[PDB]
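Please read the structure below before turning to the comments.
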Amino acid sequence: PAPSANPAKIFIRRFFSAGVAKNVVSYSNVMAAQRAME
Amino acid sequence: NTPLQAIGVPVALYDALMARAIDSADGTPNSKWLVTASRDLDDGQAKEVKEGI
């Protein structure tokens with residue numbers, strides 16, 4: 001149980017960085033989702 | 001969150017076209033037979049042509 005060791009560590013080494021609180025969706029996507037409601 | 005949010009344009013299109021419709025209904029002559037005379041026709045007998053037609 002709880003191996004904790006997943007192969008998803010490829011991205012935190014460089015492609016991402018720890019402790020930054022990145023947003024989950026691009027601002028362009030939010031505005032696209034907004035205008036798609038009218 | 002209302003359908004009225006996404007219907008502003010076509011209703012504006014609708015009323016604009018109906019405005020065109022009601023406008024051109026009254027304003028376009030409903031007459032036919034645009035008859036025109038020649039340039040020597042003696043008004044006094046040209047009117048006889050009109051009453052004849």
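Note that each Cβ is placed from the backbone with ideal geometry, even for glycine, and that neighbours are counted across all protein chains shown. Taken together, the values in this text are just the output of simple stated rules run on the coordinates, not laboratory data.
Hey, got the dipole for the protein assembly as shown? About the Cα centre, +1 on K and R Cβ, -1 on D and E Cβ, debye to the nearest 20?
Dipole magnitude for the protein assembly as shown comes out near 1520 debye.
Among residues other than A:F15 whose Cβ falls under 13 Å from its Cβ, what is the net charge (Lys/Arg +1, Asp/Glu -1)?
+4
Suppose every K and R has +1 on its Cβ and every D and E has -1 on its Cβ; what is the size of the dipole of chain B about the Cα centre, in Debye to the nearest 20?
Around 240 debye, computed over chain B.
Can you return the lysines within cross-link range of B:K50? Criterion is Cα-Cα under 20 Å, with same-chain partners fewer than 8 residues away left out.
B:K32
Looking at chain B, identify the longest residue range that excludes and avoids all trypsin sites (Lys or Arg not before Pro) in DSSP loops having at most 13 other Cβ atoms within 10 Å.
Maximal segment without exposed cleavage sites: B:1-31.
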